[PDB]
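Residue numbers (my numbering), protein chains in the order written: chain A, 311 to 402; chain B, 2 to 77; chain C, 394 to 726. Ideal Cβ positions, reconstructed from N, Cα and C, are used throughout, including at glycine. Everything on this sheet refers to the single structure shown next.
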Ligand SMILES: *[C@@H]1O[C@H](CO)[C@@H](O[C@@H]2O[C@H](CO)[C@@H](O[C@@H]3O[C@H](CO[C@H]4O[C@H](CO)[C@@H](O)[C@H](O)[C@@H]4O)[C@@H](O)[C@H](O[C@H]4O[C@H](CO)[C@@H](O)[C@H](O)[C@@H]4O)[C@@H]3O)[C@H](O)[C@H]2NC(C)=O)[C@H](O)[C@H]1NC(C)=O
Ligand SMILES: *[C@@H]1O[C@H](CO)[C@@H](O[C@@H]2O[C@H](CO)[C@@H](O[C@@H]3O[C@H](CO[C@H]4O[C@H](CO)[C@@H](O)[C@H](O)[C@@H]4O)[C@@H](O)[C@H](O[C@H]4O[C@H](CO)[C@@H](O)[C@H](O)[C@@H]4O)[C@@H]3O)[C@H](O)[C@H]2NC(C)=O)[C@H](O)[C@H]1NC(C)=O
Ligand SMILES: *[C@@H]1O[C@H](CO)[C@@H](O[C@@H]2O[C@H](CO)[C@@H](O[C@@H]3O[C@H](CO[C@H]4O[C@H](CO)[C@@H](O)[C@H](O)[C@@H]4O)[C@@H](O)[C@H](O[C@H]4O[C@H](CO)[C@@H](O)[C@H](O)[C@@H]4O)[C@@H]3O)[C@H](O)[C@H]2NC(C)=O)[C@H](O)[C@H]1NC(C)=O
Ligand SMILES: CCCCCCCC/C=C/CCCCCCCC(=O)O[C@@H](COC(=O)CCCCCCCCCCCCCCC)COP(=O)([O-])OCC[N+](C)(C)C
Ligand SMILES: CC(=O)[C@H]1CC[C@H]2[C@@H]3CC[C@H]4C[C@H](O)CC[C@]4(C)[C@H]3CC[C@]12C
Ligand SMILES: CC(=O)[C@H]1CC[C@H]2[C@@H]3CC[C@H]4C[C@H](O)CC[C@]4(C)[C@H]3CC[C@]12C
Ligand SMILES: CCCCCCCCCCCC
Ligand SMILES: CCCCCCCCCCCC
Ligand SMILES: CCCCCCCCCCCC
Ligand SMILES: CCCCCCCCCCCC
Ligand SMILES: CCCCCCCCCCCC
Ligand SMILES: CCCCCCCCCCCC
Ligand SMILES: CCCCCCCCCCCC
Ligand SMILES: CCCCCCCCCCCC
Ligand SMILES: CCCCCCCCCCCC
Ligand SMILES: CCCCCCCC
Ligand SMILES: CCCCCCCC
Ligand SMILES: CCCCCCCC
């Protein structure tokens, strides 16, 4: 409930961006950047409990995979925005 | 949690606004939970403060997913 | 019980009329005090206090004609309290900040009288020795931390130090397992340090610790590299998206400077610029230049070619960042 739940919740947060319309560039951009920054600060905070061991722990691997998921969610939004041929969204 | 609900009075076509508000609210809920738990020892169970923070997190996350649901019903 | 009485008589003779205030061979040649260390562990190598906690079995061996016996063949291992009734060298660690002999169960001392007069006197000492570290290449730095054993009151005309067993005097250094350090080398030096009161013998036990870089990749380098790669995403967003690109830029810049400040607050307030500081500032240059690249794009447009600038940045930023990494890691590794 201190590391694993926050990491899973930020990954599920990044996976909310997929259900928002592609035209909402600011909203999905802030989604991705906020999730990435939250993942970064979570990774930094998690290491503070245990010593400065050189090797990577299982928490480190779980955090790395969650980081890859949120980073890839933002990369996916960037890819979607690359092919976004129009600015105006659906109306009426 | 109270200011999370003001997202509901915002116009549906304000993704940049409601999404940012819900994101800030949920991330602040996470920050408050972590700050409170850091002061306490590494205790391996949920406390009453923990369960109240988790309930309020569920509420704010539900508000964020409420905007998500509205956006997917209108556009998608 | 007869041998018990014999040993009691021998030790009573040894302690009878024994002047603890006078060293062996007082008014004579200096007493040769050999030393040998058994490094139990090295812990708390902290640059904030510029010190390291060293736990060790510190043994000193010295001849003493007053403590010579020949009736008993075996070596007498006496209770540690007898150390209070015997002359022992007044050695100290010049860079020690806080030291103690371990307390439980009893005073962690050993006294062993040999028939020839040799005294094996051992202590289990936990000393927080001062090590002034040069963090200019931190975390890719080698630290030369020393322990300076010296006789406080007796000059070289009254005492001599030597590593008993030469390079084999200090043992157990290889078995030490520091969390973020690797002890690549250790050396033993014998010196004669001159103060205004005279010349004193000196033993310098120096460990050349090498800092492990793996942890700093996990916590320091990789997050900043990822944030720079994230800041590169703004180049892939069209210039009209002012809110998205500006938010990406400012979030990345602020998180970079926050990371730098948070890391540097833990470390001491050293004036010079470290290697981690060098990398963080270099990547702050990249992310701030990404934000200023969007600024230039916006000014050039509002105030084809702008797509040219955006596209050229889209490929040159990762290339220049990779060459910065090449130069930095080649210089420091
Ligand atoms: C009371 O205490 C004394 C002093 O420790 C003991 O007498 C010594 O016992 C040691 C046993 O470890 C002896 O050491 C061995 O000596 C061999 C011969 O060395 C001669 O030359 C050296 C040169 O410096 C002298 O110091 C030494 O006194 C001798 O004259 C060496 O060949 C041995 O080398 C290796 O031995 C084994 C493997 O065989 C290894 O484990 C060792 O670490 C070492 O590498 C060894 O050094 C020593 O000779 C004895 N006499 C002394 C020191 O004067 C008594 O036994 C003890 N009495 C008790 C316990 O009842
Ligand atoms: C810095 O480090 C030095 C190390 O040298 C410390 O100095 C020693 O401190 C210890 C503990 O205070 C001293 O031990 C004391 O020894 C006295 C003399 O002992 C002999 O004589 C008595 C009879 O008079 C015999 O019984 C004994 O076997 C010896 O033959 C004792 O009289 C003291 O007794 C006190 O402590 C005991 C503890 O059980 C109590 O029961 C008593 O009531 C009494 O209070 C004590 O045992 C030792 O002499 C000091 N010098 C040396 C050279 O070791 C410093 O204390 C330490 N700190 C500072 C600030 O200097
Ligand atoms: C951690 O950092 C400390 C720094 O304080 C290092 O300690 C110093 O180490 C150096 C090198 O080991 C010491 O300097 C000299 O070492 C010589 C070793 O012998 C070599 O050199 C001689 C002469 O050139 C050759 O003949 C020989 O074959 C070897 O190649 C000593 O011989 C030196 O002593 C001589 O010079 C001095 C000064 O001129 C005279 O006073 C002496 O009488 C003698 O003639 C000299 O010791 C130095 O002494 C160490 N202490 C210091 C600087 O305080 C540690 O080595 C380092 N440890 C690690 C693990 O990094
Ligand atoms: C020297 C070696 C140095 C070594 C470093 C190597 C550096 C080199 C890397 C340079 C960056 C690569 C991009 C270069 C091309 C960009 C320009 C472009 O837009 O091209 C094309 C799209 O671009 C693509 O094809 C996308 C391919 C790259 C996406 C990689 C994402 C993976 C993220 C992984 C990150 C995870 C992080 C993992 C953690 C570590 C099309 O462009 P255009 O719009 O159609 O315009 C052209 C048409 N015109 C000509 C008519 C105008
Ligand atoms: C159709 C609809 O109402 C949409 C609106 C918001 C959407 C959710 C967002 C978070 C997602 C995380 C993971 O992607 C798993 C599915 C996940 C729970 C989604 C389920 C479908 C939802 C509810
Ligand atoms: C023309 C142009 O490309 C524009 C795009 C971004 C602009 C910079 C932003 C930051 C400014 C801080 C201070 O006001 C000093 C001038 C300053 C450095 C500006 C110089 C002109 C720039 C480069
Ligand atoms: C905090 C350190 C995280 C290291 C994990 C790297 C993740 C790479 C992202 C890959 C995206 C395809
Ligand atoms: C290099 C930093 C990540 C860039 C991710 C954007 C990729 C866009 C792909 C669509 C163009 C073909
Ligand atoms: C193990 C205890 C559960 C902790 C979370 C409780 C959440 C319940 C409240 C939800 C209200 C909608
Ligand atoms: C005295 C050292 C000052 C170093 C200033 C930071 C250098 C960053 C270089 C970035 C290159 C793109
Ligand atoms: C130590 C004296 C000041 C050195 C300042 C160097 C600044 C270089 C920065 C380059 C970034 C583009
Ligand atoms: C401060 C302005 C930064 C602009 C960076 C542009 C990088 C690519 C230049 C290509 C010119 C055609
Ligand atoms: C980094 C310096 C850029 C200088 C660009 C000059 C632009 C002059 C105004 C006319 C076109 C916007
Ligand atoms: C694509 C290349 C980016 C920079 C690679 C880092 C090089 C590390 C060298 C380590 C010294 C042996
Ligand atoms: C010995 C440690 C080597 C670490 C090298 C990291 C290189 C990262 C390059 C990223 C380029 C985009
Ligand atoms: C032990 C229960 C953990 C719940 C994880 C949250 C799943 C969304
Ligand atoms: C263990 C109870 C969890 C309740 C979750 C509520 C819906 C997210
Ligand atoms: C609550 C998620 C499932 C229902 C969504 C609305 C109908 C597709």
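Under the Cβ criterion of 8 Å, residue 391 of chain A is counted among the residues facing chain C.
Ligand 8 approaches residue 625 of chain C closely enough that one of its heavy atoms is under 7 Å from the residue's Cβ.
Its Cα nearest to that of residue 500 of chain C, the residue C:473 stands out among C:694, C:478, C:400 and C:473. Assigned with DSSP and collapsed to three states, residue 524 of chain C falls in coil, not helix or strand.
In the three-state reduction of the DSSP assignment, residue 564 of chain C falls in the strand class, which pools E and B. Relative to ligand 3, residue 603 of chain C has its C-beta separated by 7 Å or more from all heavy atoms. Residue nearest to residue 486 of chain C within the set C:589, C:599, C:531 and C:513 is C:599 (criterion: CA-CA distance).
The Cβ neighbour count for residue 695 of chain C, taken over all protein chains shown within 10 Å, is under 16; the residue is labelled exposed. Looking at the DSSP output, residue 424 of chain C sits in a beta bridge with C:552.
Annotation: the continuous beta strand (DSSP E) that includes residue 587 of chain C extends over 574-588.
The shortest CA-to-CA distance from residue 652 of chain C to any of A:347, A:388, A:323 and A:318 is the one to A:347.
At least one C-beta of chain C is nearer than 8 Å to the C-beta of residue 361 of chain A.
Interface flag for residue 381 of chain A against chain C is set, since a Cβ pair is found closer than 8 Å. Going by beta carbons, residue 446 of chain C and residue 498 of chain C fall outside the 8 Å limit.
When C-alpha distances from residue 320 of chain A are compared across A:343, A:329, A:349 and A:312, the shortest belongs to A:349.
Residue pairing by DSSP places residue 444 of chain C opposite C:439 and C:523 in a beta bridge. For the stretch 327-350 of chain A, residues whose beta-carbon sits nearer than 7 Å to a beta-carbon of chain B comprise 329, 330, 331, 334, 336, 337, 340, 341, 344 and 348.
Under the Cβ criterion (8 Å, minimum of three pairs), the stretch 351-370 of chain A does not count as touching the stretch 378-397 of chain A. Counting of Cβ neighbours within 10 angstroms places residue 523 of chain C among the buried residues, the total reaching 16 or more. Residue 401 of chain A is outside the set of residues whose beta carbon lies under 8 Å from a beta carbon in chain C.
Between the stretch 24-31 of chain B and the stretch 53-71 of chain B there are three or more C-beta pairs closer than 8 Å, enough to call the two in contact. In the DSSP secondary-structure assignment, residue 510 of chain C is not bridged to any residue. Interface annotation, residue 12 of chain B: not in contact with chain A, CB-CB separation never under 8 Å. With the rule of 3 Cβ pairs closer than 8 Å, the stretch 32-49 of chain B does not count as touching the stretch 407-419 of chain C.
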